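**Q** Once you've had a glance at the structure underneath, I'll fire off some questions.
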Amino acid sequence: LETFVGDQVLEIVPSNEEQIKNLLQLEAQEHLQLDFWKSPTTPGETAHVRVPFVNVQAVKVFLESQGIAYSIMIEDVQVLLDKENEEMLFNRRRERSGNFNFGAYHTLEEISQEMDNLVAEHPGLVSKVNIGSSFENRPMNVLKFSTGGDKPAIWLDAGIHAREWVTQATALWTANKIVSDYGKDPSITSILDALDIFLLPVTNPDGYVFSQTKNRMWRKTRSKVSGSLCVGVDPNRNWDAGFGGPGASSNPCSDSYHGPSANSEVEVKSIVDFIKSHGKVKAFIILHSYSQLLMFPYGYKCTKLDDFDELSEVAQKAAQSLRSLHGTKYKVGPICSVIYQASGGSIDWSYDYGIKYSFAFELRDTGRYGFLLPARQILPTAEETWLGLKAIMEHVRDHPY
Ligand SMILES: [Zn+2]
């Protein structure tokens, strides 16, 4: 168990090119052990960084010495982690007699158990598909929602980055929501009558197990590198889309390490192979946290893609639908514009492969809790996200290609 007693999350706002260059260096300095929750991008944009207790003063002094403005966003990370653990075990005890509570975080085993129950209770609509195994030999199980036939499909995944807990939780709630509304809501009914939906709730099972058992801040896979005492690759920088280019690190010990080669991670290779074998995937949506962003390609290059106008229109519609429920605001745009240049991303590969409707969601919140989003926000997050997902799915249904 890794503790974060005293760790602080600072919000920094570089105002010029030099301050950014300074922050990028810090981020690149693996030995300082800083954890950038939100990397520096362009002047005027905030960056969030978790600084280990021992280095808090030294980092603050350096910041001030460079005249870099900052503020304490989270006073003590351990405070949040303790509440998370407490609420999690409380729920676990209540589930011993009660029903599965979707408004709570669960273990990988509990998630799998629930996926089997879902298939068991609705055999004519839901089935489990195994697409491979993770590095540590865990099955990559996908839920296939279908009414039958050889239909085109919509791909939806969550949890590629281990610590983004609200994503796996949101994906499981979504699976229950589809089966609950099918045959009731005319929209979800028509979408399913026209397409199959493949949902992968835990895209990085090894990293997830590790974040719950050893380090809550882990984000990468758990693969073993030949010739490095460092572990893992950033699964969202491992795809064949401008692989190895700017916006990724070649340092095995970096949390942004791209891996030895494109598709080197079995978790990623499994997805790529499933998609190539299927041959009729029409939409590819990936869930992450946090920042409240709805993006489309590209991330590896910053030029507008062919379908810019349509994708922009679709994402805007989805963002407005999601906003209606609780007033949550999302930034919309191509990856490079919204965040910055990042290579080897999944939606860039899917789009280049020919899947036009490729989108990535960065869920709640904007920094107050970050990855440690309180369980009470899981339901509000899943409900409003469903509105955005449905809007995209309706468009795919209505626009065959
Ligand atoms: Zn992520």
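Swiss-Prot numbering applies to chain A: residues 19-419, in that order.
Recorded method is X-ray crystallography, 1.8 Å.
From the backbone N, Cα and C atoms, a Cβ is placed for every residue, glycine too.
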**Q** In Swiss-Prot, the residues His179, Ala180, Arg181, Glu182, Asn254, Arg255, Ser307, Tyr308, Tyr358 are said to bind substrate. Which of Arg156, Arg237, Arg386 is said to bind at that same site?
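**A** Record source Swiss-Prot; matching candidate: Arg237.
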**Q** Among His179, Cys248, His306, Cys354, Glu380, the recorded positions in the record, which have a C-beta under 6 A from ligand 1?
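**A** Going through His179, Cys248, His306, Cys354, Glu380 in sequence order, those close to ligand 1 turn out to be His179, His306.
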**Q** In the structure shown, with every protein chain counted, which of the disulfide-bonded residues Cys248, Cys271, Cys320, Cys354 has the densest set of Cβ atoms within 10 angstroms of its Cβ?
**A** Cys354
**Q** Name them in sequence order: residues not among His179, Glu182, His306 whose Cβ is within 8 Å of the mean position of the Cβ atoms defining the Zn(2+) site.
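**A** Residues close to the Zn(2+) site, other than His179, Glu182, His306: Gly177, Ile178, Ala180, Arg181, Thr185, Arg237, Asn254, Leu305, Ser307, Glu380.
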**Q** Check the Cα distances from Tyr308 (substrate binding site) to each of the recorded positions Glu182, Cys271, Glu380 and keep only the ones within 10 Å.
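**A** Cα within 10 Å of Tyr308 (substrate binding site): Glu182, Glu380.
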